[PDB]
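Enquirer: Below are the structure tokens for one structure; questions will follow.
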Ligand SMILES: CCCCCCCCCCCCCCCCC[C@@H](O)O[C@H](CO[C@H](O)CCCCCCCCCCCCCCC)COP(=O)(O)OCC[N+](C)(C)C
Ligand code: HEM
Ligand code: HEM
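Protein chains in written order, with the entry's author numbering: chain z, 2 to 80; chain u, 361 to 480; chain 3, 2 to 52; chain Ad, 1 to 49; chain 1, 2 to 63; chain y, 6 to 111; chain w, 2 to 379.
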């Protein structure tokens, strides 16, 4: 089939691993990731935020506006 | 061959576990006899034994006499075999090396997975 | 069917008995833990879920 | 993109295979007339009832 | 250095899978009762007085 | 008809070159293109010296994204440096596909 | 000799769930489809335990639901789990569609289409099961939504008469929906198996989008524990949303017994349909509202033909990704507009939201894909 035994050509690329037991699970797991998280963040907040903020603004836009077409009516309907 | 890479492995680790649990004494004496033959076969000739003198001294010291070696082969029992094999084969981290192409060969954990039978 | 019989097989079962017998004990006590079986829980000083 | 189909050999295939298209389409039309009890075309044929 | 109590504890129950399952079973049996009753007495303790089990006294044994 | 303004085009294509993240992983532009079967056969056309380079770079990036950590700041590709090796291959694939189609239409 | 390769069934599982080659660089988004696979069986057993009491009669059903919520031993948990759990199903399902669209796993055409048919199937099962509990929203909702097909110049009004089994909602129509509702999920299972069967023999997609055939990696050592962790955390989401937010997920009003007589103030359709229902507000002529309604789901099929940008994905292209987020935002729009009681500003916003909802993909995406191609010799 497409199983590992016969696939793409690949050559003199080499692997260096470690036995899981010989190494601890959390190698500087804190300090390394935070700048990464924050950089990914500053990377994509630019491309994620504006639809959602525009949505929130239209949300309160229509809610508050129509609400002003709603609660305020008796003066709008005059005496 | 590329398509059977895992397969030899698939059996090989079992052999180690085979040595762990259920190591028949008949197999033990088989291995001992082949071992004794390996010694006597090594010790034919002048150069090999000059080397034996030339290395045994660096090792234990001594020429370590064959009467001792064969007393020490008679020394072995299947219980002791299963114990030592347990102390090295049964759950211990492999150090594996390959030059192929390798691709069928299982990744380390999977390889590591075989060092211990789930049944034991 | 007679094949099961054999000099190694006697020794072999002798060898495998601890591992599989252990499972039965583990399987039995665990099954008691799963059905929360009564009368043995009478015999445990600690785990009396009963008042 | 879609220009590849736009060829004299393919328009040829159109001219060759069109009557057959009318054939099978008429067949399924009649099947609609029958199985669905499509009385509107059952009404077109006097023999019914 | 000298092996940790945890270290020899490996050579004990962990390395053998049957005993491993066993300690999983006894461990479940203890974690059950202890955590269960812990959640008991604590839940009893937090929002105290909302409980009627302590308010059973208005109507029990006369 | 564009000519005098072309500078600024390049002045945003580079931004567009920045706009894509592949430079941050440093991969060749040719690597990015999807492998439909014909372009795959164009991949087949490649010399091994060029082939394994591609394969290795790809595996590097594939390891990175698994860690999510980006390729190091120093190594990031320049807009000039990224050889577009596949051009003869793919352009001939186009020429040949459109060839056999060009005969197929008559 | 080899055990997994011994038995042919085991050969199949080993070609798949035991050790199918997989890309390594996979993130949680791919964990989500597996999460769908998680939810499905859970709803099935949960609905089984529910099917041990519920009745499909017009009269006796609701009393049996009350038999569930109050009589049954911890069955209330089951009740809410089937409900809220279905809600979770749609949760993950939506993310999943978003993924396949985003990383371009729709490039696997047949797999994709089976996903589509599977989607319509899930929608129907949703609707009918929602009709089942038997309450005010159940009644009037099912009635109103069923009425839509009457927009057909001939057949559809006839067809509603055929579903109902009578003049109106009744033990006829209700038992009808109970049975369709029951038969479909099992169909969904087989479509799932078929779906994966298309997936295996093309290989899985990767986050990069670009092929990772060179980096294919064993499934069992790695992704199994990954997806186990993912399912356990969804189990957190669900259990926290059920033991701490038992009711909020749905629409109270069903809690009132249905009356063909008594008529509910607002009849908001349950939330996953809200965007769809919003589109019912979109245009004059109920017929075209039905057309656009079906088109809202149908339109997905165009995309693989509409796709032309060189990515098989959408992560190295923030450009088109921006159009993407405009489209997702647009879905949020149709959602919240569908949630509100009908009003004129909501009407115009829903109009332009709908036009743009079609046009981002019928206009913006392909052509911007073309200019994006022009920028770098694509
Ligand atoms: C679908 C809808 C949602 C489902 C909701 C359920 C969510 C479940 C999620 C819970 C997570 C379960 C985690 C599984 C734990 C183990 C996973 C696996 O990776 O561990 C293996 C290990 O397996 C475990 O060690 C075996 C433990 C045996 C305990 C069996 C439990 C018995 C339960 C029986 C059911 C009783 C109830 C019956 C009612 C009818 C790998 O072994 P290894 O990492 O290499 O270490 C052991 C190596 N040795 C042998 C050398 C020591
Ligand atoms: C609950 C029913 C479904 C199941 C079991 C199913 C299989 C799920 C799962 C398990 C994956 C594979 C990726 C993974 O989870 O690791 C994905 C296969 C796929 N499904 Fe479905 N699917 C289901 C409903 C849908 C729907 C409605 C669509 C939208 C059209 C869809 C589009 C895909 C795609 C594109 C893949 C290929 C995986 C990939 O390339 O990443 N699926 N989904
Ligand atoms: C994923 C597909 C399914 C969906 C969308 C679905 C609808 C779910 C949901 C939404 C509930 C409704 C609970 C409520 O609204 O209060 C339940 C309706 C129902 N489903 Fe299904 N169902 C699905 C598969 C099944 C299966 C497989 C069974 C039986 C084994 C089943 C038995 C029920 C019952 C009895 C109800 C009505 C429960 C009530 O009155 O609250 N469902 N399920």
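Using N, Cα and C, we set each Cβ at its ideal position, and we do this for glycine too.
1. Report the three-state DSSP secondary structure of residue 35 (chain 3) (helix, strand or coil).
2. In the DSSP assignment, the alpha helix (DSSP H) including residue 40 (chain w) goes from what residue to what residue?
3. Taking residue 38 (chain z) as the reference, give the member of 9 (chain y), 97 (chain y) and 74 (chain y) with the closest Cα.
4. Three-state secondary structure (DSSP) at residue 218 (chain w)?
5. Check whether the region 243-257 of chain w touches the region 71-82 of chain w, counting contact only when three or more Cβ pairs, one atom from each stretch, lie closer than 8 Å.
6. Quick check on the burial criterion: 16 or more other C-beta atoms within 10 angstroms. Buried or exposed for residue 141 (chain w)?
7. Using only CA atoms, which one of 180 (chain w), 42 (chain w), 87 (chain w) and 63 (chain w) lies nearest to residue 238 (chain w)?
8. Name the chain z residues that come within less than 9 Å of residue 74 (chain y), Cβ to Cβ?
9. Across which residues does DSSP place residue 23 (chain w) in a beta bridge pair?
10. Just tell me which of 400 (chain u), 370 (chain u) and 416 (chain u) has its CA closest to the CA of residue 473 (chain u).
11. Any heavy atom of ligand 3 closer than 7 Å to the Cβ of residue 71 (chain w)?
12. Determine, using beta carbons only, whether residue 41 (chain y) and residue 211 (chain w) come nearer to each other than 8 Å.
13. Rounded to whole angstroms, what's the CA-CA distance from residue 24 (chain z) to residue 455 (chain u)? Just pull it up for me.
14. Who are the Cβ neighbours of residue 33 (chain 3) in its own chain at under 7 Å, not counting the five residues just before and after it?
15. Let me make sure I understand the geometry here. Which of 264 (chain w), 108 (chain w) and 39 (chain w) has the alpha-carbon closest to that of residue 200 (chain w)?
16. Taking Cβ to Cβ, would you say residue 269 (chain w) is nearer than 8 Å to residue 340 (chain w)?
17. For residue 185 (chain w) and residue 277 (chain w), which I take to be in contact (beta-carbon distance under 8 Å), what is that distance rounded to the nearest angstrom?
18. Ligand 2 and residue 117 (chain w): does the residue's C-beta get closer than 7 Å to at least one heavy atom of that ligand?
19. Which same chain residues end up closer than 7 Å to residue 439 (chain u) when comparing Cβ atoms and leaving out the 5 residues on each side of it in sequence?
20. I'd like to check one pair, residue 209 (chain w) with residue 26 (chain w): are the Cβ atoms closer than 8 Å?
21. Going along chain z, which residues have a C-beta under 8 Å from residue 334 (chain w)?
22. Could you have a look at residue 412 (chain u) and say whether DSSP puts it in helix, strand or coil?
23. Mind listing the chain u neighbours of residue 36 (chain 3)? Cutoff is C-beta to C-beta under 9 Å, in chain order.
24. Any heavy atom of ligand 2 closer than 7 Å to the Cβ of residue 206 (chain w)?
25. Taking residue 66 (chain Ad) as the reference, give the member of 7 (chain Ad), 11 (chain Ad) and 45 (chain Ad) with the closest Cα.
26. If you draw a straight line from the alpha carbon of residue 333 (chain w) to that of residue 348 (chain w), how long is it in whole angstroms?
27. In terms of residue numbering, what span does the alpha helix (DSSP H) encompassing residue 366 (chain u) cover?
28. Find the residues of chain z that neighbour residue 329 (chain w), judging by a C-beta separation of less than 8 Å, and give them in chain order.
29. Taking any Cβ of chain u, which residues in the region 12-27 of chain 1 have a Cβ under 8 Å from it, in chain order?
30. Taking only beta-carbon positions, decide if residue 218 (chain w) is within less than 8 Å of chain u.
31. Going by the beta-carbon positions, is the gap between residue 135 (chain w) and residue 63 (chain w) smaller than 8 Å?
32. Taking 8 Å as the cut-off, decide whether the C-beta atoms of residue 83 (chain y) and residue 216 (chain w) are in contact.
33. Buried or exposed for residue 273 (chain w), going by 16 or more other Cβ atoms inside 10 Å?
34. Based on Cα-Cα distance, which residue from 363 (chain w), 351 (chain w), 370 (chain w) and 379 (chain w) lies nearest to residue 60 (chain z)?
35. Could one say the Cβ of residue 29 (chain 1) lies closer than 8 Å to chain 3's Cβ atoms, at least one of them?
36. Please classify residue 77 (chain y): does DSSP put it in a helix, a strand, or coil?
Expert: To lay it out plainly:
1. helix
2. 29-51
3. 74 (chain y)
4. strand
5. yes
6. buried
7. 87 (chain w)
8. 33, 34 and 37
9. 218 (chain w)
10. 370 (chain u)
11. no
12. no
13. 14 Å
14. 41
15. 108 (chain w)
16. yes
17. The Cβ separation is near 18 Å, so there is no contact.
18. yes
19. none
20. yes
21. 56 and 59
22. helix
23. Under the 9 Å cutoff, chain u gives no residues; its nearest Cβ is about 25 Å from residue 36 (chain 3).
24. yes
25. Missing from the structure shown is residue 66 (chain Ad); chain Ad here goes from 1 to 49 and no further.
26. 15 Å
27. 365-380
28. 52
29. 16, 17, 18 and 19
30. yes
31. yes
32. no
33. buried
34. 351 (chain w)
35. yes
36. coil
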